[PDB]
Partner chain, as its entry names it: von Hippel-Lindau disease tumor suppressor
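First comes one chain, alone, set out as structure tokens in the form deposited without the partner chain.
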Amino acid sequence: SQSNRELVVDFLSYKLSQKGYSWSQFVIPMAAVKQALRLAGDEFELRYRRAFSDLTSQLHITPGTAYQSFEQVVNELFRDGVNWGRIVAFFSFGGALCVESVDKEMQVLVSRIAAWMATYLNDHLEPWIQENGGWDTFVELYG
């Protein structure tokens, strides 16, 4: 919850920096988890460059968008359940949403998206993560 919050912020900050944007609107194995996640995300966006076009448009985020709408859209990535690659897609998707928000002069949504991701991670993804090795297995797999 606290760790996950930090993890989400780091990945989103990484993505924004990398793409020329500001991250101002915002390490035990943690440092290792963070780096593994940064690498996983880059590899992902490398193979898939569509940038979640339909998912973001299906969501069309504005300052009035509620978590439930975010949650419903994100659920689409997990229609067949959770797996590591889908978790990576989840982070990449949040990253795309932040970029889009900045491109629309709605930089105020980045901290909100981060909060939503942490909530979604703790609620829907940690159960599977903890059952399949925890973030140690993730590092072991993408580190």
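Positions refer to the first chain, counted from 1.
The next section is about a form of this same protein that is not shown, the form deposited with the partner chain bound.
- Contact between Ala51 and the partner chain in the entry with it bound is found at the 4.5 Å heavy atom cutoff.
- Within this chain, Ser111 is remote from the site of the partner chain in the entry with it bound, having no heavy atom within 4.5 Å.
- Mapping the unseen interface onto this chain, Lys34 falls outside it, with no heavy atom inside 4.5 Å of the partner chain in the entry with it bound.
- Residues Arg79, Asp80, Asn83, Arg86 are the ones in 77-116 with at least one heavy atom within 4.5 Å of the partner chain in the entry with it bound, listed in sequence order.
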